[PDB]
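Trainee: One structure follows; several queries about it will come next.
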Amino acid sequence: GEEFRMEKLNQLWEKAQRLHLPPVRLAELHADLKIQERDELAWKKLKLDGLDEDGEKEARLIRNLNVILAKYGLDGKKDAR
């Protein structure tokens with residue numbers, strides 16, 4: 001049951017489901033995972049071609065992921081705040 005090409009997005013998405021997220025957070029999450037997926041493959045082309053030799057294009061992925069993990073608390077804080 002994987003909706004993304006990378007295990008990180010599927011694991012994140014499936015984990016979000018595991019956290020019992022509401023359909024809205026799962027829908028918003030899927031959108032962010034899709035954007036993160038496309039950006040991650042497109043950027044992987046950048047990193048593989050030699051475009052992100054400084055961590056600037058991936059910075060958007062690391063930040064977008066942190067934004068998703070901050071919206072769902074998938075791989076970060078999970079206590080109170």
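Residues in the structure tokens are named by chain (A, B, ... in the order shown) and by number from 1 within that chain; ligands are numbered from 1 in the order shown.
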Excluding residue 40 (chain A) and residues on its chain fewer than 3 positions from it, collect all residues at most 9 Å away from it, counting only C-alpha atoms, and give them as a list in words.
Mentor: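 Near neighbours after the sequence-gap exclusion: residues 6, 35, 36, 37, 43, 44, 45, 58 and 61 of chain A.
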Trainee: Set the distance at 10 Å and use only C-alpha atoms: which residues neighbour region 29-32 of chain A once local chain neighbours fewer than 2 positions away are removed? I'd like the list as a list in words.
Mentor: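 Counting only C-alpha atoms, the residues come to residues 3, 4, 9, 10, 12, 13, 16, 21, 23, 24, 25, 26, 27, 34, 35, 36, 37, 38, 64, 65, 67, 68, 69, 71 and 72 of chain A.
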Trainee: Can you write out the residues you just picked, keeping N, CA, C and O atoms, as an mmCIF file, in the first residue's frame?
Mentor:
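Written output follows (out-v7.cif):
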data_model
loop_
_atom_site.group_PDB
_atom_site.id
_atom_site.type_symbol
_atom_site.label_atom_id
_atom_site.label_comp_id
_atom_site.auth_asym_id
_atom_site.auth_seq_id
_atom_site.Cartn_x
_atom_site.Cartn_y
_atom_site.Cartn_z
ATOM 1 N N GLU A 3 1.879 4.855 -1.806
ATOM 2 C CA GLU A 3 1.427 5.904 -2.768
ATOM 3 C C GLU A 3 2.614 6.761 -3.260
ATOM 4 O O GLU A 3 2.449 7.672 -4.058
ATOM 5 N N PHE A 4 3.803 6.483 -2.785
ATOM 6 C CA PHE A 4 4.995 7.280 -3.209
ATOM 7 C C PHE A 4 6.077 6.358 -3.805
ATOM 8 O O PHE A 4 6.066 5.158 -3.602
ATOM 9 N N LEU A 9 8.640 8.383 1.839
ATOM 10 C CA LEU A 9 7.273 8.984 1.711
ATOM 11 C C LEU A 9 6.216 7.946 2.092
ATOM 12 O O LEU A 9 5.293 8.233 2.827
ATOM 13 N N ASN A 10 6.353 6.736 1.609
ATOM 14 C CA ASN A 10 5.363 5.674 1.965
ATOM 15 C C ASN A 10 5.401 5.450 3.478
ATOM 16 O O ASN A 10 4.388 5.498 4.139
ATOM 17 N N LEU A 12 6.419 7.473 5.764
ATOM 18 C CA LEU A 12 5.841 8.702 6.404
ATOM 19 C C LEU A 12 4.317 8.681 6.262
ATOM 20 O O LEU A 12 3.583 8.818 7.226
ATOM 21 N N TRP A 13 3.844 8.498 5.059
ATOM 22 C CA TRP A 13 2.378 8.455 4.813
ATOM 23 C C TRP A 13 1.733 7.329 5.641
ATOM 24 O O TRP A 13 0.845 7.568 6.446
ATOM 25 N N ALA A 16 1.741 8.166 9.221
ATOM 26 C CA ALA A 16 0.664 9.160 9.511
ATOM 27 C C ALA A 16 -0.645 8.402 9.742
ATOM 28 O O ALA A 16 -1.346 8.630 10.713
ATOM 29 N N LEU A 21 -4.330 9.807 12.100
ATOM 30 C CA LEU A 21 -4.607 11.210 11.660
ATOM 31 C C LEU A 21 -6.002 11.285 11.020
ATOM 32 O O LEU A 21 -6.468 10.318 10.450
ATOM 33 N N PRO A 23 -8.852 12.475 8.239
ATOM 34 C CA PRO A 23 -8.778 12.480 6.753
ATOM 35 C C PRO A 23 -8.244 13.821 6.227
ATOM 36 O O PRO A 23 -7.575 13.868 5.213
ATOM 37 N N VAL A 24 -8.500 14.906 6.918
ATOM 38 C CA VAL A 24 -7.970 16.224 6.446
ATOM 39 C C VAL A 24 -6.439 16.259 6.567
ATOM 40 O O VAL A 24 -5.745 16.624 5.633
ATOM 41 N N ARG A 25 -5.903 15.867 7.703
ATOM 42 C CA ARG A 25 -4.427 15.872 7.870
ATOM 43 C C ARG A 25 -3.813 14.850 6.931
ATOM 44 O O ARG A 25 -2.765 15.075 6.371
ATOM 45 N N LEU A 26 -4.477 13.743 6.727
ATOM 46 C CA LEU A 26 -3.942 12.728 5.781
ATOM 47 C C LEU A 26 -4.027 13.293 4.354
ATOM 48 O O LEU A 26 -3.119 13.132 3.563
ATOM 49 N N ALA A 27 -5.095 13.994 4.033
ATOM 50 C CA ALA A 27 -5.208 14.600 2.668
ATOM 51 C C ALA A 27 -4.126 15.677 2.520
ATOM 52 O O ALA A 27 -3.320 15.641 1.604
ATOM 53 N N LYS A 34 3.329 14.348 -1.658
ATOM 54 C CA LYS A 34 3.418 14.321 -3.143
ATOM 55 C C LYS A 34 4.378 15.426 -3.584
ATOM 56 O O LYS A 34 5.318 15.191 -4.323
ATOM 57 N N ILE A 35 4.168 16.630 -3.099
ATOM 58 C CA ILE A 35 5.095 17.742 -3.448
ATOM 59 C C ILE A 35 6.506 17.344 -3.010
ATOM 60 O O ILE A 35 7.456 17.470 -3.757
ATOM 61 N N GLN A 36 6.640 16.829 -1.808
ATOM 62 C CA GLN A 36 7.980 16.392 -1.334
ATOM 63 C C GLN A 36 8.490 15.264 -2.233
ATOM 64 O O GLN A 36 9.656 15.200 -2.557
ATOM 65 N N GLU A 37 7.614 14.389 -2.657
ATOM 66 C CA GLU A 37 8.040 13.277 -3.552
ATOM 67 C C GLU A 37 8.564 13.847 -4.866
ATOM 68 O O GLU A 37 9.701 13.624 -5.237
ATOM 69 N N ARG A 38 7.744 14.597 -5.563
ATOM 70 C CA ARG A 38 8.193 15.204 -6.851
ATOM 71 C C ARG A 38 9.463 16.023 -6.622
ATOM 72 O O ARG A 38 10.439 15.869 -7.337
ATOM 73 N N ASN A 64 10.769 21.239 3.906
ATOM 74 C CA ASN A 64 9.381 20.747 3.618
ATOM 75 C C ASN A 64 9.090 19.505 4.467
ATOM 76 O O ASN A 64 8.020 19.369 5.033
ATOM 77 N N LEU A 65 10.044 18.611 4.587
ATOM 78 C CA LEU A 65 9.823 17.407 5.437
ATOM 79 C C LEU A 65 9.615 17.882 6.875
ATOM 80 O O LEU A 65 8.626 17.566 7.497
ATOM 81 N N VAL A 67 8.535 20.573 7.832
ATOM 82 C CA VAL A 67 7.181 21.216 7.856
ATOM 83 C C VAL A 67 6.116 20.118 7.978
ATOM 84 O O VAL A 67 5.216 20.193 8.795
ATOM 85 N N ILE A 68 6.241 19.081 7.191
ATOM 86 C CA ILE A 68 5.269 17.950 7.273
ATOM 87 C C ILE A 68 5.384 17.320 8.660
ATOM 88 O O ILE A 68 4.425 17.245 9.402
ATOM 89 N N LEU A 69 6.566 16.907 9.027
ATOM 90 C CA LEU A 69 6.771 16.316 10.381
ATOM 91 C C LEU A 69 6.286 17.299 11.454
ATOM 92 O O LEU A 69 5.855 16.903 12.513
ATOM 93 N N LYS A 71 3.712 19.372 10.990
ATOM 94 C CA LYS A 71 2.220 19.408 10.864
ATOM 95 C C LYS A 71 1.610 18.100 11.387
ATOM 96 O O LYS A 71 0.487 18.070 11.857
ATOM 97 N N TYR A 72 2.330 17.016 11.273
ATOM 98 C CA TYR A 72 1.789 15.697 11.725
ATOM 99 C C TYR A 72 2.592 15.121 12.899
ATOM 100 O O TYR A 72 2.136 14.210 13.564
#
Trainee: List every residue of chain A that DSSP, applied to the backbone of this structure, places in helix (DSSP H, G or I), and write the result as a ChimeraX atom specification.
Mentor: /A:7-18,23-49,57-72
Trainee: Skipping near chain neighbours, those fewer than 5 positions away, what residues fall within 12 Å of residue 56 (chain A) using only C-alpha atoms, listed as a VMD selection string?
Mentor: chain A and resid 43 46 to 47 50 to 51 61 to 63
Trainee: Take CA of residue 22 (chain A) and CA of residue 74 (chain A) and report the distance between them in Å, one decimal.
Mentor: 13.7 Å
Trainee: Separation of CA of residue 41 (chain A) and CA of residue 55 (chain A), in Å?
Mentor: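 Calculated distance between CA of residue 41 (chain A) and CA of residue 55 (chain A) is 15.0 Å.
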Trainee: Can you work out the spacing between CA of residue 33 (chain A) and CA of residue 8 (chain A) in Å, to one decimal?
Mentor: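 Taking CA of residue 33 (chain A) as the start and CA of residue 8 (chain A) as the end point, the length is 9.4 Å.
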